[PDB]
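S.K.: Mind having a look at this structure? Questions to follow.
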Amino acid sequence: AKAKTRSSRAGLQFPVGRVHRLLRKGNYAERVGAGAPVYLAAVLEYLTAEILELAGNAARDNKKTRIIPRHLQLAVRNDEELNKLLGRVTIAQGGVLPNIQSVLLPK
Amino acid sequence: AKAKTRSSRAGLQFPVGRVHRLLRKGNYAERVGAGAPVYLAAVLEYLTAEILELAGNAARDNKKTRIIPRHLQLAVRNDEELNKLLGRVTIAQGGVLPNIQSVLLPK
Amino acid sequence: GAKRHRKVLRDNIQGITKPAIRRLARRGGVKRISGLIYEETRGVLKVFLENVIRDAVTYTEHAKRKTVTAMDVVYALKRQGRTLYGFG
Amino acid sequence: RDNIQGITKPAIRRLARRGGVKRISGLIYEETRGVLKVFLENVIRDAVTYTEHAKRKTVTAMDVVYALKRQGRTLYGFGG
Amino acid sequence: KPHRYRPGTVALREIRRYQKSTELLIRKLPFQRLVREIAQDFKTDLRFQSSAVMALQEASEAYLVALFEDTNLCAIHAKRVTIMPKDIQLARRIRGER
Amino acid sequence: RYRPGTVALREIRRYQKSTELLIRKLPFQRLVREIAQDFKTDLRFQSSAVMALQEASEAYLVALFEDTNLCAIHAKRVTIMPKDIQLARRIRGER
Amino acid sequence: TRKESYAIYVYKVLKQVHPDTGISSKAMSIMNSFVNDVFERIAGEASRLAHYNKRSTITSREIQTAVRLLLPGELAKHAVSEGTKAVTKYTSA
Amino acid sequence: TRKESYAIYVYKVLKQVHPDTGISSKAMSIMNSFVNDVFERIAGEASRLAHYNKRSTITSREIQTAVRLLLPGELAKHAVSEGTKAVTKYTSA
Amino acid sequence: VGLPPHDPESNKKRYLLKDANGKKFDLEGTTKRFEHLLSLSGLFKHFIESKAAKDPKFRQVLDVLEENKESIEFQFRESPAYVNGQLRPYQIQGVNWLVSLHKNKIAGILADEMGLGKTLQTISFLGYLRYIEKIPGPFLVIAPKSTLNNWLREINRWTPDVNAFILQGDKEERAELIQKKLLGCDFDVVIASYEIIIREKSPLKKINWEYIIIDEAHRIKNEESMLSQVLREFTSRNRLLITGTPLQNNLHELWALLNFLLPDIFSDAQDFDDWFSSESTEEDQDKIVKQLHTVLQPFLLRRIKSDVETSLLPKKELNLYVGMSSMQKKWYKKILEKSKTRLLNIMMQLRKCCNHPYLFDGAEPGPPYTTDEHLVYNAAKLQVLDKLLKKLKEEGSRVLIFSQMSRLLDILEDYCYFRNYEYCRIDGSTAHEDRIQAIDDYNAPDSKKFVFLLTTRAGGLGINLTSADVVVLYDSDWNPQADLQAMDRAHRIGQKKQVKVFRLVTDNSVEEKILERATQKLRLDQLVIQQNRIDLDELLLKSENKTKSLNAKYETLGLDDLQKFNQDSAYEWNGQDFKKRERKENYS
DNA sequence: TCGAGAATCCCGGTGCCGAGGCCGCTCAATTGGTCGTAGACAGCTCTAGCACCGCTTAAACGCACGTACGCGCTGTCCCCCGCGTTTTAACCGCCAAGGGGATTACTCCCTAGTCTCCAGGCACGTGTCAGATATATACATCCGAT
DNA sequence: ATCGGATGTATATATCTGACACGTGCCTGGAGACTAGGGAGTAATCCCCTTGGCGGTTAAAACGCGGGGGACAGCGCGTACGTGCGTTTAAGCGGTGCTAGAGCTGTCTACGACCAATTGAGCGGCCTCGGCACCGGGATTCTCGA
Ligand SMILES: Nc1ncnc2c1ncn2[C@@H]1O[C@H](COP(=O)(O)OP(=O)(O)O)[C@@H](O)[C@H]1O
Ligand SMILES: [Mg+2]
């Protein structure tokens with residue numbers, strides 16, 4: 012028969028043979044189940060979709076049509092859950108979320 | 012032939028066969044060299060001896076001939092680099108290093 | 014009179030009494046304590062427990078057990094970077 | 023001569039502002055120099071160890087990424 | 037007149053007492069009730085060991101003691117000797133779990 | 040002439056808005072090689088390594104200054120002083 | 029020389045969500061590193077989770093539990109929903 | 029069943045350093061946890077080191093680099109010295 | 076008469092244990108007692124074949140007893190001369206039995222029926238030990254706190270001369286009592302309590318105890334009871350156990366009590382257990398029974414009221430197999446199948475709904491909360507309770523209600539207030555003075571308290587309720603004797619009118635399961651110890717049949733299957749096989 | 001304004017209970033054969049890293065004025081502490097039960113491993129457009145005088 | 001207070017220019033097909049430990065009080081920091097010169113895995129006694145109004 016990719020059967024976009032290969036030749040355990048690469052690929056794809064959605068939102072909010080690292084880092088820091096997941100992560104060429112202490116403002 | 016332990020050949024006191032088995036059935040890698048368990052057992056035994064000596068010194072300072080977790084924490088937190096090694100570690104039934112801020116002492 | 018509706022007081026977080034807060038404070042090394050440290054402390058303690066217990070229960074679920082055994086709690090604390098020596 | 027004095031007064035001032043700081047004491051510059059030096063020594067020591075193991079004599083970016091990861095502060099971007 | 041210690045001495049005696057002892061400082065049953073009541077949320081019908089609850093109490097008290105030490109440093113840093121909630125918020129925000 | 044405290048806020052906006060590096064390049068690279076000179080002599084650096092080091096240094100110092108600023112404000116001030124660095128760094132957990 | 033990457037897959041997902049938006053190269057590297065980092069986090073947690081139970085296989089249950097343990101809040105909810113959906117659709121075929 | 033432990037070996041080391049001393053049960057449990065924890069840290073770092081360099085074996089050099097990475101300052105050099113001693117003695121059987 | 080006085084200096088040479096380490100196997104006494112044991116009956120060797128393979132010392136013990144292989182005692186068949194009173198014959202018989210055990214260097218559990226005056230037998234026997242055997246003291250006594258005062262009130266009643274005191278009070282007053290009298294050696298008999306005994310171990314070890322009496326012996330069942338552990342350190346010559354009835358639920362219990370009496374015969378459990386359940390096949394179970402009778406016959410003394418003194422309309426019982434009310438149906442389903463409630467440990471939860479659903483969270487509708495007919499409207503047990511309660515009231519019989527959970531007692535408080543009855547409650551949290559006042563007011567000869575509530579666990583104390591005549595019990599207990607003494611509370615010596623127990627029972631609920639288990643245990647006891655010596709009428713008639721069926725079923729079953737206790741899961745109940769997201773608006 | 005009083009360290013005797021020593025039994029470490037293959041080593045190429053000149057341009061250095069803020073003093077008052085009294089609820093001892101945690105045995109499905117085959121993905125060009133940058137303009141804000 | 005002024009900032013427009021999205025060919029890794037074997041599923045067993053309730057001792061917690069010392073607001077002052085202008089020096093960019101340092105192929109060969117056997121090291125269960133806890137009493141000491 013013709014070869015029909017495991018990704019397509021899953022319906023995902025991220026590879027499954029590649030995830031399978033890494034989980035196997037990565038010394039995580041002796042034997043890798045059949046369904047595990049499918050699950051992991053789906054989860055990685057979902058997280059990527061979230062990050063890119065928020066980042067594209069921010070990029071549009073600056074009249075630009077390309078996510079640059081500043082947009083990634085800004086979108087990540089604005090959200091709370093992504094900000095907690097990547098808490099100890101410094102995104103290179105990101106920057107600081109704009110913030111002024113109210114006490115500092117003139118009166 | 013007579014059976015001679017690998018520990019004896021090394022001269023150590025921790026088991027090199029048990030460390031070997033744990034290094035193997037541990038999915039750290041798929042081959043474990045002959046001289047790795049020896050070197051590792053030596054390091055583990057050195058650290059044990061160091062912390063035990065400090066704990067025993069503390070015990071004698073407290074006029075005791077046993078070692079209780081309080082002495083273990085006194086030894087660990089009084090030393091400097093041992094304190095860095097066990098930085099995030101909580102020792103159950105330990106206690107606290109005696110310390111009062113200087114500002115709070117009466118005039 | 015008609016009395017069958019007995020309720021419970023000091024719900025469960027008020028069980029961390031004022032003097033227990035004071036004792037923990039003294040071991041911490043403080044001398045004077047304001048009046049609003051008690052509520053703030055109960056809040057922070059409750060948050061910490063929520064996180065740790067959530068991870069412990071996840072571990073218990075996975076192994077198909079129904080008893081949160083000690084080694085699960087040790088694993089959960091370790092996963093948060095609060096390694097605990099003394100229970101396995 | 024005085025490499026850590028290469029961290030000028032205004033550069034520390036820029037960093038302070040990006041942190042959100044308005045007025046600055048005159049003594050902050052020396053302590054900032056000290057803090058930066060300690061951080062650099064830790065990371066560089068671990069990176070050099072990593073490159074020792076691999077027998078090389080150059081510190082590639084991926085080694086520094088590993089060292090930072092080990093310190094407890096990841097760095098997306100350069101690595102991978 | 038009766039002997040009455042001046043404000044401040046008894047607190048220092050208590051600090052010495054509790055920095056030299058090593059027992060637990062929160063009562064058992066109140067803490068166990070708190071733990072089970074919290075855990076009712078995530079999965080109904082759970083049962084605990086005893087070592088599990090003791091481990092939880094050890095970790096809890098250690099965490100709170102460390103927090104109070106940092107709180108005390110903050111309070112002293114503001115030219116005070118009294119700890120107030122603002123000190124705790126500052127301490128936790130600095131630590132990194134705001 | 041701007042009243043004192045005016046230009047500072049505009050500096051803060053300028054820098055909290057941008058993304059570039061703030062420390063010069065060569066002073067930091069010299070510092071890196073000089074510090075590394077101790078652990079092993081005759082050592083080379085790939086440039087991407089120095090860029091990584093500068094990114095990490097920038098981020099560490101920026102977060103440090105935010106916590107310093109919070110400590111200063113907590114003591115009812117707007118000036119930052121060395122005691123603030125020391126307090127913030129000890130609380131954070133490296134003393 | 030072959031440096032494998034999640035470039036084309038990330039870009040497929042991006043075209044899926046924001047159809048007329050690009051992505052830079054530094055942004056691409058950051059996203060790839062992010063995918064690798066979260067991959068090793070999940071895989072390592074699943075490995076430890078299997079070893080704890082004296083088990084010698086990485087099933088899908090281990091992946092699900094690692095997802096529940098690392099991801100915070102409703103990221104966990106939506107991610108487990110996605111994984112379950114994909115594995116079901118897979119086995120059906 | 030049969031719980032493995034380091035209790036006996038810790039006792040032998042203790043009798044070496046402070047011959048006229050004892051150790052309670054809790055302290056022994058703490059020491060056992062300490063040993064497993066340090067073994068786990070060293071072995072995990074050596075595993076990562078081997079993976080980073082495409083190696084497939086955990087040799088002595090991996091353990092030495094891992095112990096030089098974990099332990100701080102004086103501990104590192106003393107432990108390295110003593111491990112090297114033991115390996116030479118064993119290999120010159 | 077004929078004894079040295081309480082010269083404390085004289086006593087200190089006898090009370091204090093001079094050789095603080097001196098303690099040996101006592102081979103001679105072991106051999107003597109074990110020889111007499113084998114003399115009266117021969118199976119007792121079955122202990123030694125095992126324990127000798129267990130003991131290298133029992134090698135030579137068996138040897139010594141095996142190479143070899179005042180005829181009438183002082184039949185003290187009179188009211189004791191020194192005791193200032195009169196004794197009814199079986200009292201004297203028990204006294205003679207105690208003396209006879211004394212002579213054979215052993216002792217036995219006294220386990221007579223309650224109200225038979227056991228402590229009078231004990232005081233008489235100790236007085237015998239003093240006046241006749243020229244041994245003043247010391248002795249120790251352990252009792253329930255409630256009866257701490259009764260022991261002394263009767264010590265200073267029959268044999269006034271002897272000295273006794275109580276370690277009653279908190280730390281300072283007990284401590285001064287210790288130092289003054291106890292270590293001053295100014296007594297002959299002590300009276301402590303269970304908690305006291307556990308709390309005064311360090312001084313009370315320092316005395317060459319002659320006996321260790323224990324009122325309410327059955328408290329020593331779990332051989333890891335820290336009370337038992339403590340009592341295994343008090344060096345003594347012999348012991349004594351007093352209990353209304355031993356062998357509460359399990360058979361291992363009697364081995365435990367025997368361990369207390371004679372730890373140098375019953376020293377091992379495996380032999381007892383296997384010898385007992387040593388016939389998996391069921392032809393020799395009768396022989397096993399006769400063996401156990403011939404084993405325990407010497408040690409144990411047991412008496413019955415129903416044969417020592419009549420004048421006691423025996424009692425009678427009915428087990429009203431009531432149905433289930435509607436919301437009880439729905440709540441039973443909800444509990445079985447399914461908001462913090464912690465539904466685990468459900469067999470208690472079932473006992474909650476099966477008595478009254480209001481015990482849960484808001485089963486009664488509201489707020490507002492109102493007392494009205496909706497109480498009894500939908501609680502089957504409470505329905506039949508109201509019906510029978512009215513029938514008793516029109517006859518006018520004071521009623522005692524027992525329960526397991528005091529929350530049901532509070533529900534009954536509300537319901538009693540609803541129905542214009544004066545009730546009286548003595549629960550576990552009641553204060554002592556409140557307790558005595560309440561029981562006196564109920565026991566006033568002119569009392570209007572129709573109902574007297576109390577929990578069954580608290581009902582076993584020294585409280586006396588001979589006044590009433592019906593002792594209706596909501597739910598059967600796990601231990602049939604546990605509530606049997608509660609039922610006895612109203613059938614003690616002094617009650618004339620017939621007692622009319624009404625243990626309430628539900629159908630298809632766990633209540634039948636629990637009742638079956640209780641009946642099994644009661645049958646076990648009876649076998650082992652007996653041979654040693706809407707409309708109320710229609711429900712009554714229906715229930716007086718299935719109870720006959722159950723007692724007939726358990727009337728003759730094999731000992732083996734009697735203790736098997738099939739784990740018949742109650743989880744049937746007619747059939748059952750269980751047990768996007770937020771996005772920021774603008775990022776400008 | 002030093003003597004009274006309350007907390008503390010030391011010594012001493014005693015009790016008790018947990019650490020350490022012995023003893024059998026089993027399985028996992030050692031011996032000892034074999035043998036595959038990781039990795040060590042020696043060819044290969046290619047390319048990025050190392051002390052000197054010249055030039056532009058801006059950021060760093062230095063300095064003077066003033067000003068507002070950090071620091072110190074004072075007062076005020078009110079919050080928190082030390083303490084004596086009373087209630088209450090841990091804590092230990094206890095009773096009951098059954099769940100479910102850990103163990104064993106057997107079968108089979110699923111997974112590793114081999115062969116075979118082909119197509120998804122990766123590196124190498126490549127064109128064009130999204131964003132940076134400079135300019136000029138409009139407008140928003142700060143600030144001192146009136 | 002307001003206003004006009006000056007300054008800095010947000011906005012629209014034209015230009016480029018360097019990176020991104022695209023297209024191709026090749027190859028290696030994933031998919032199809034098949035076999036064998038062992039890990040995990042699933043029954044079934046045992047008994048350890050959990051679950052709720054109750055009772056008594058005793059210390060801790062709750063409560064109210066009296067009073068002082070510290071938290072906070074207000075004032076002054078003087079000092080060190082900011083702002084702005086003028087100077088200068090160093091970063092950055094570019095270009096010279098070289099070579100070692102780090103990444104590909106092909107061949108062993110020693111060493112780590114697998115397998116059989118078999119013995120002894122280690123684990124569990126059972127003792128006994130000494131180190132620690134408990135207690136009582138006495139001298140020392142620090143605190144606090146005279
Ligand atoms: N002369 C007597 N002969 C027999 N019994 C008596 C005599 N005098 C008093 N009694 C009863 O003997 C009882 C002894 O206590 P008892 O009720 O047997 O305690 P328990 O309930 O523990 O068996 C007393 O309660 C008393 O009523
Ligand atoms: Mg009695």
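Chains as they are written, first to last, in the entry's author numbering: chain C, 12 to 118; chain G, 12 to 118; chain B, 14 to 101; chain F, 23 to 102; chain A, 37 to 134; chain E, 40 to 134; chain D, 29 to 121; chain H, 29 to 121; chain K, 76 to 144, 179 to 447, 461 to 655, 706 to 751, 768 to 776. All residues carry an ideal CB built from backbone N, CA and C; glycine is no exception.
Between which two residues does the alpha helix (DSSP H) harbouring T116(D) extend?
M.R.: Counting along the chain, the alpha helix (DSSP H) containing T116(D) begins and ends at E102 to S120.
S.K.: Buried or exposed: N89(G), going by 16 or more other Cβ atoms within 10 Å of its Cβ?
M.R.: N89(G) comes out exposed.
S.K.: Got a sec, what are the start and stop residues for the alpha helix (DSSP H) residue 5(C) sits in?
M.R.: Absent from the structure is residue 5(C), since the part of chain C shown begins at 12 and ends at 118.
S.K.: Do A53(C) and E110(D) have their CB atoms nearer than 8 Å?
M.R.: In contact: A53(C) and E110(D) (Cβ atoms closer than 8 Å).
S.K.: May I ask whether a heavy atom of ligand 1 can be found less than 7 Å away from the beta carbon of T228(K)?
M.R.: For ligand 1, at least one heavy atom lies less than 7 Å from the Cβ of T228(K).
S.K.: Which partner residues does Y98(B) have in the DSSP bridge list?
M.R.: The partner list for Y98(B) (beta bridge, DSSP) reads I102(G).
S.K.: Considering just the uninterrupted stretch of the beta strand (DSSP E) at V573(K), what are its terminal residues?
M.R.: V573(K) -> beta strand (DSSP E) spans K571 to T577.
S.K.: Between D324(K) and ligand 2, is the CB less than 7 Å from at least one heavy atom?
M.R.: Answer for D324(K): yes, Cβ within range of ligand 2.
S.K.: Cutting at 6 Å between CB atoms, please list the residues of its own chain near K118(C), excluding the five before and the five after it.
M.R.: Cβ within range, chain order: n/a, list empty.
S.K.: Is the shortest distance between the beta-carbon of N110(C) and the beta-carbons of chain K less than 8 Å?
M.R.: For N110(C), the answer is no, since every Cβ of chain K falls outside 8 Å of its Cβ.
S.K.: Check whether chain E comes within 8 Å of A103(C), counting only Cβ atoms and requiring the distance to be less than that.
M.R.: Yes, its Cβ sits closer than 8 Å to a Cβ of chain E.
S.K.: Does the region 67–78 of chain H touch the region 34–43 of chain G, meaning 3 or more C-beta pairs lie closer than 8 Å?
M.R.: The answer is yes - the region 67–78 of chain H touches the region 34–43 of chain G, with three or more Cβ pairs under 8 Å.
S.K.: Tell me, please, whether the CB atom of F62(H) is closer than 8 Å to any CB atom in chain B?
M.R.: It does: the Cβ of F62(H) has a partner Cβ on chain B nearer than 8 Å.
S.K.: Straight-line CA distance for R76(D) to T93(D)?
M.R.: Whole-angstrom Cα-Cα distance: 11 Å.
S.K.: Less than 8 Å between the C-beta atoms of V41(H) and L97(G), yes or no?
M.R.: No, they are not a contact pair.
S.K.: Which whole runs of the alpha helix (DSSP H) in the region 61–91 of chain A are 4 residues long or more, in chain order?
M.R.: With a minimum length of 4 residues, the continuous alpha helix (DSSP H) runs that stay inside the region 61–91 of chain A are 64–75.
S.K.: Tell me whether the beta-carbon of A98(E) lies closer than 8 Å to the beta-carbon of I66(F).
M.R.: No.
S.K.: Would you identify the three-state DSSP class for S53(D), choosing helix, strand or coil?
M.R.: Looking at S53(D) - three-state DSSP - the assignment turns out to be helix.
S.K.: Using 8 Å as the limit for Cβ to Cβ distance, is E59(A) near chain B?
M.R.: It does not; no Cβ of chain B falls within 8 Å.
S.K.: Mind checking whether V30(C) and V115(D) have CB atoms under 8 Å apart?
M.R.: For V30(C) and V115(D), no; Cβs fall outside 8 Å.
S.K.: Do the region 428–438 of chain K and the region 619–628 of chain K touch if we need at least three Cβ pairs shorter than 8 Å?
M.R.: The answer is yes - the region 619–628 of chain K touches the region 428–438 of chain K, with three or more Cβ pairs under 8 Å.
S.K.: Report yes if the C-beta distance between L530(K) and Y441(K) is below 8 Å; otherwise report no.
M.R.: For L530(K) and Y441(K), no; Cβs fall outside 8 Å.
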